[PDB]
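Next up: a single chain in structure tokens, the form deposited in one PDB entry.
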């Protein structure tokens, strides 16, 4: 066991091992507080996230276990991975706080899209890295469900990695329409829709669907992609949604070459395959990587898939003490990756 030292940053106390020095607050939120630090053992700049109230509720305890299980499993250049995980507690009885450590990423895609207008070559590299990480995530039968610019970390090298009422976001401009319709059988291609919205934002500099609420969000989406056709209509079970979409004003599918003027016709062709209403016909991450848009980056031998990921815990109804004990087991059993 290492030696821990204590200090108070902002209004939160931090008890981290001695190997992490020069702790500096970089961000905060519902998830928890993140501090930049220097790791003296490896010489790397790392990010240390202290989870907030990790076991205040069953929702918190299970989400703490889920995040730790996910981060321990992701080993991919374009997905955030665990360099270390620790707790200052010496036993299960005192187990109260959880700290996670990864490589320090300086900014996100929002701090880049607003500060500059990305060239087409930068859009290719950034979207390729997202899809390369999405193929890995999706190969483990994992759906991100919340892909957005603020969840995409980027450093100076333009290297990219994918990252109750608390943390409520009113409208998600990047959410697939099938989720906005509260469809329960949405698939992995909900993430591909978000990539299309992100890629459109990088090409134009504007939010593609900046809706004000869930109803306004659907109206903005339907104005571009058109109202559902007959094949899609046959798949809507909720009469409330089927009658709503039929009662609405019939909008035709717009010409994407007219919407995204001056853009690379290869990029427009990809956007047409990503921003498809019917999720059955949406391009997948693996298919998108082979698109001619990424001809200079695509390498079929260098786009790996993930090891099988056991999600059986997601259907379990355990107690807070059980999720807590399961999380403690994952903390101790953690082995770091080779330097």
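Heads up, when I say rigid core I mean the largest set of C-alphas that superpose within 1.5 Å between the two forms. Positions refer to the first chain, counted from 1.
The same protein also has a form deposited in another entry, omitted here; what follows describes it.
Residue 58 is among the residues whose C-alpha shifts by 2 Å or more between this form and the one not shown once the rigid core is aligned. Superposition of the core reveals a Cα shift of 2 Å or more for residue 45 between this form and the one not shown. The Cα shift for residue 284 between this form and the one not shown, taken after rigid core superposition, is smaller than 2 angstroms.
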